[PDB]
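Report on one structure; see the data block that follows.
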Amino acid sequence: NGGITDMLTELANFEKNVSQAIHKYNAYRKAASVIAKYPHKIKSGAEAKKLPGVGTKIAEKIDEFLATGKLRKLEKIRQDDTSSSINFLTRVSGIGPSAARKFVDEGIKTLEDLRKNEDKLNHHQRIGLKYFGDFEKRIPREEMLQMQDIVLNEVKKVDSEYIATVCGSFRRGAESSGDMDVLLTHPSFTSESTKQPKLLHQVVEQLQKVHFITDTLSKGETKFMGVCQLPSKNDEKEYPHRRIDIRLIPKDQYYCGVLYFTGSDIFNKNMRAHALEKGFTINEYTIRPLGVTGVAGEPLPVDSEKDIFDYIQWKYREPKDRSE
DNA sequence: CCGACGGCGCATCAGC
DNA sequence: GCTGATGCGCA
DNA sequence: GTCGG
Ligand SMILES: [Mn+2]
Ligand SMILES: [Mn+2]
Ligand SMILES: [Mn+2]
Ligand code: NA
Ligand code: NA
Ligand code: NA
């Protein structure tokens, strides 16, 4: 049902980027997700309508698309200059719905206008512009494996007790990835631990030293967002620049962290809701119970991802089964 | 009908 | 100059 | 936009 999920996804993007209606955005993605998981070719809106997250308005849109092969609402939007331009500009990392809208109001609507007005861009936005095409390329699993070996090894060089784990799409096992996500732990940093200084900085700084990390979007004591690039050969094609995220998490919370940052995004949304549907509340850090009123108690002990799955009564699903 | 739908780390900057 | 307000991206 | 109060 690629035709239908593509349509719902494009509608989602509009609601997020133009209408700034984040809950409609989520509603469309939730519908696109449940439809992609449907093992039958959808013959009608009423057929989709049986699925949870698909409602009256989306069934009708499905009837139209199935009849005409297109959607008039999407046509008009694509034709609309302000809508189209705002949508476009949000493809730049660091330009969200609000910046995109402001730019367009000022007559800035293309990559070229962004070039002409670099003085109006902040540092993250200049980086996103610089790497516009690069950031929209997928990363082949082969290069993700080369990236993994560099990160793991340079982490070793700073200190051998660090544990770095590549999570996200890679850990689900996908053949290409949108970026690289790295969870970092160290024995000195736990949920108590007196706050250990420069733990993440040391690793970011080394990765810069070996010229693997080329740009910084944001950097703090627990979270790094930036740009990296595989080393080239002699005269060879430069690899594309890639997005990399590094999160430093307390060691005692590594499994909740690995669970969350493996994803998928929709999966974790799905886990938290079913968590409450069993008396638990999950975040990135801990799994806790609520009682009868519903404040959450203390973090239950966890030594594996499945430990978390047990608590809320799901059959365990290997990383590869979480792409939602 | 109506309201909930997750929240946080980091960067920027308008308004003092 | 500072900081409350807000934007951004994110599994 | 959807669905469980
Ligand atoms: Mn069936
Ligand atoms: Mn990723
Ligand atoms: Mn990421
Ligand atoms: Na439904
Ligand atoms: Na953007
Ligand atoms: Na992505």
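What you see below is based on every heavy atom in this structure, not just the backbone, and it leaves out hydrogens, waters and symmetry mates. Per chain, numbering begins at 1; letters A, B, ... match sequence-line order.
- When the side-chain nitrogen and oxygen atoms of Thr222(A) are compared with OP1 and OP2 of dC8(B), none of them lie within a distance under 4.0 Å.
- Ring orientation note: the planes of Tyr38(A) and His40(A) are nearly perpendicular, at an angle over 60° on the 30°/60° scale.
- Taking the charged nitrogens against the carboxylate oxygens, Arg242(A) and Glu143(A) do have a contact shorter than 4.0 Å, which makes a salt bridge.
- Remark: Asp80(A) pairs with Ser83(A) by the side-chain hydrogen bond (donor to acceptor under 3.5 Å, both in side chains) rule, at least two apart or across chains.
- The distance from atom CD1 of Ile249(A) to atom P of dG9(B) is 14 Å, rounded to the nearest whole Å.
- Every salt bridge (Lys or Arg N to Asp or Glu O under 4.0 Å) that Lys195(A) has, sequence neighbours left out, goes to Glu221(A).
- Across all strands, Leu248(A) comes closer than 4.0 Å to no nucleic acid atom at all (heavy-atom distances).
- One can place NE2 of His23(A) at 7 Å from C1' of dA4(B), the figure rounded to the nearest angstrom.
- Look at the P atom in both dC8(B) and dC3(D): the space between them is 28 Å, to the nearest Å.
- If you take atom P in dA11(C) and the same atom in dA4(B), they sit 27 Å apart, rounded to whole Å.
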With a 3.5 Å cut-off and sequence neighbours excluded, list the donor-acceptor pairs that the side chains of residues 177-184 of chain A form with protein atoms.
from      : atom 1 : to        : atom 2 : distance (Å)
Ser177(A) : OG     : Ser169(A) : OG     : 2.7
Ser177(A) : OG     : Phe170(A) : N      : 3.4

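- Residue-level contact check: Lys223(A) touches the bases, meaning some heavy atom is under 4.0 Å from a base atom.
- Residue contacts for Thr262(A): at a heavy-atom cut-off of 4.0 Å it reaches the sugar-phosphate backbone alone, with no base atom in range.
- Of all the residues in residues 25-44 of chain A, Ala27(A), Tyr28(A) reach under 4.0 Å from DNA chain D with at least one non-hydrogen atom.
- As judged by a 4.0 angstrom heavy-atom cut-off over every strand, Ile95(A) is placed among residues touching the sugar-phosphate backbone only.
- The distance from atom NE2 of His124(A) to atom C1' of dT12(B) is 12 Å, rounded to the nearest whole Å.
- Sequence neighbours left out, the pairs with a member in residues 12-23 of chain A that pass side chain to side chain donor-acceptor pair (under 3.5 Å) are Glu15(A)-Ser19(A), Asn17(A)-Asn87(A), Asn17(A)-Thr90(A).
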Hey, can you pull the donor-acceptor pairs under 3.5 Å for the side chains in residues 94-104 of chain A, sequence neighbours left out?
from      : atom 1 : to        : atom 2 : distance (Å)
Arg101(A) : NH2    : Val18(A)  : O      : 2.8
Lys102(A) : NZ     : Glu106(A) : OE2    : 2.7

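- If you measure from atom CG of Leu217(A) to atom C1' of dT12(B), you get 14 Å, rounded to the nearest angstrom.
- At the heavy-atom level, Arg172(A) lies under 4.0 Å from the strands shown only through sugar-phosphate atoms.
- Each of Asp134(A), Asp215(A), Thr216(A) was scored for a side chain to side chain contact (heavy atoms under 4.5 Å, CB included) with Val227(A), with one residue passing: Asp215(A).
- Computed from coordinates, the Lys120(A) NZ to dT12(B) P distance equals 17 Å when rounded to whole Å.
- Within 4.0 Å of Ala21(A), counting heavy atoms only, lies no atom of the nucleic acid at all.
- Going from atom CG of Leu276(A) over to atom P of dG7(B) covers 10 Å, rounded to whole Å.
- Within residues 60-91 of chain A, no residue has any heavy atom closer than 4.0 Å to DNA chain D.
- Within the structure, no pair that satisfies the ring-ring contact (aromatic ring centres under 6.0 Å, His included) test touches residues 49-86 of chain A, not counting sequence neighbours.
- Residue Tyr260(A) is classed as a base contact, given a heavy-atom separation below 4.0 Å to a base.
- Scanning DNA chain D 5' to 3' for nucleotides with an atom closer than 4.0 angstrom to a non-hydrogen atom of chain A gives a first and last hit of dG1(D) to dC3(D).
- Think of the region where chain A sits on DNA chain C: with heavy atoms and a 4.0 Å cut, that region ends 5' and 3' at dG7(C) to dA11(C).
- Taking the ring pair (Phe, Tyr, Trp, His ring centres under 6.0 Å) definition, one finds that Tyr25(A) meets it with nothing, sequence neighbours left out.
- For the pair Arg91(A) and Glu136(A), the salt-bridge criterion is met [side-chain N within less than 4.0 Å of a carboxylate O].
- Salt-bridge annotation for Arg247(A) and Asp245(A): absent, with no side-chain N of the basic residue lying under 4.0 Å from a carboxylate O of the acidic one.
- To the nearest whole angstrom, the two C1' atoms, one in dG9(B) and one in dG1(D), are 30 Å apart.
- Salt bridge status for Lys233(A) with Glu238(A): absent, with no side-chain N to carboxylate O gap under 4.0 Å.
- The interatomic distance linking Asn270(A) (CG) with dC5(B) (P) rounds to 15 Å, in whole Å.
- Listed by chain and number, the residues in a side-chain hydrogen bond (donor to acceptor under 3.5 Å, both in side chains) with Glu154(A) are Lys157(A), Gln206(A) (sequence neighbours excluded).
- If you check the side chains of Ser218(A) and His124(A), you find no donor sitting under 3.5 Å from an acceptor.
- Within 4.0 Å of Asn283(A), counting heavy atoms only, lies no atom of the nucleic acid at all.
- When heavy atoms are screened at a 4.0 angstrom cut-off, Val92(A) is found touching the sugar-phosphate backbone but no base atom.
- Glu284(A) places its CD atom 9 Å from the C1' atom of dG6(B), with the value rounded to the nearest Å.
- Counting any heavy atom pair closer than 4.0 Å across all strands shown, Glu15(A) reaches no nucleic acid atom.
- The existence of a salt bridge linking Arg72(A) and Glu64(A) is confirmed by a sub-4.0 Å separation between a basic side-chain nitrogen and an acidic carboxylate oxygen.
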